[PDB]
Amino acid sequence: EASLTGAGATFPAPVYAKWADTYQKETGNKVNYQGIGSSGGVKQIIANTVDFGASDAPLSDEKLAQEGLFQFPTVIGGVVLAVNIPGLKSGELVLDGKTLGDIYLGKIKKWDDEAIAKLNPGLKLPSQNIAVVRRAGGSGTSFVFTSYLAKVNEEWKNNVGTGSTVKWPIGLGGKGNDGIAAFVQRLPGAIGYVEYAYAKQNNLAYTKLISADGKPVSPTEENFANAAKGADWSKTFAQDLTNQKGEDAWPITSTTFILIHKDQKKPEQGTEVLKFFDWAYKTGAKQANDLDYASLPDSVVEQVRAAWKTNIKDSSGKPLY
């Protein structure tokens, strides 16, 4: 029985924790995962203070090569806009990218702004103030959210840009996906971006969004998967799944990555990390699905397996898989 430690992205923490719990019950192995943020996840793996780092933002090929890291995706999730609007239920409100950006730009301050009124004709919107909530530190969720906004709102693109950390025009800072959930839940009129599972598990209302194709879509596990149907994984694991074309493609979709060293100095640890993730691909789909994360296609996992055999070695060049 091995004792493993990972750290990083809170975006997939619900499924990683679930997989960890089950894995221990079936095999005795213990995986301790700390949701500290994708930025931290990266610093820790590079500082070798954990067996594996987790980040939603991918490292470029050059950056991976420079640090001697290997990156592989695990699941597909989606970022949603949790809202606390009195007298509105979950799924009722529809926003489009431009409008979501203007709210984040602080240009739209009330829940009944003409712009929101127009996207929701049958709606009885309150003249309530918009309480914008965003992430306090370096965040992979912030990375995919800002990547999406830069694509749909020119002013956001030019003035704030994309990043795990950006100069937010407005908004209160929340720590972790859980911190944003908690804030929205306590602030009437709040809007905060969270990975879908955090909204569902906390019974937060969320909005629908309009797809790149121009249609209103609901955030569901299938819709996160739809957004990725067009990705050419054979080309690279570092797929941008935001604002993708296609039917029922959730526009703020993203995979998430696990980072491990190519040259394993504690090969036993490395072997066990690989076995845990291999077990998760082989047997963890239902648990990811129960938590509304979509599984990667089998062809992608096979690619990941082949790359493990090719890239992960002990200091004597011996593969660990």
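Start at 1 and count along the sequence shown; that's the residue number.
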| item | value |
| --- | --- |
| Stretch with the higher entry mean CA B-factor, where the candidates are 132 to 140 and 200 to 208 | 200 to 208 |
| Of 263 to 271 and 44 to 52, the stretch whose C-alpha atoms average the higher B-factor in the entry | 263 to 271 |
| Top residue by Cα temperature factor, when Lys151, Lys175, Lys89, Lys167 are compared in the entry | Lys89 |
| Largest Cα B-factor, entry values, listed residues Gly179, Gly77, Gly106, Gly97 | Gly106 |
| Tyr193 by Cα B-factor - lowest, middle or highest third of the modelled chain | lowest |
| Record-listed C-alpha B factor of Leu4: chain third | middle |
| Within-chain third of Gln244 by Cα B-factor, per the entry | middle |
| Third assignment of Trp250 from its chain's C-alpha B-factors | lowest |
| Chain third (lowest, middle, highest) by recorded CA B-factor, residue given as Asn311 | highest |
